[PDB]
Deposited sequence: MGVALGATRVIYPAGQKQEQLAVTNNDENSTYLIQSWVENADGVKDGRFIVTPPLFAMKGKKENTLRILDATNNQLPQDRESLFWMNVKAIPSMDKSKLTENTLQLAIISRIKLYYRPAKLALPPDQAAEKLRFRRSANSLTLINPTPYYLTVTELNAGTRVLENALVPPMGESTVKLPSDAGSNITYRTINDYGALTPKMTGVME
């Protein structure tokens, strides 16, 4: 089964090519890798072209996929943009399974008002009946994980930059809120508390 180099590929603006490793750990396996990039709505798009789009991997081998930009500077330069990079491994009676791995491609503008470090803390919680709306003013896509409202987990949330995501909260949960966001490298930031602002 093929594996990707990282669970989160951040492409900074101003570049042309961003590289991502695809590796095959199984020694005896022939695969056909087909990769592409979709927008935030899960629609196939030509804004990013992955090369080579379709190629044959024989046995244990590692190759590099080159994501070439075609934005023409048409994307906003204020906040991050989200895309989904899909890599499908066709194993070229029995039903055959082709695995699609989807990762987050973060188009990050070169200059931002806030460094990524302090984006995690600035996430205020709007608490009301059957709702725990998360407000994120920082221009970064926040991946809130293990949202514990006192003694119960709600779900994993992805708050858009400068946006308010919605989560349904059972009324039995306590007032205390603890969470932790996934940082740049994929690790988990140490558990922070959550204000009600």
### Message
I have the full deposited sequence and the modelled structure. Can you tell me which residue ranges, counted from 1, have no C-alpha coordinates?
### Response
1, 94-101
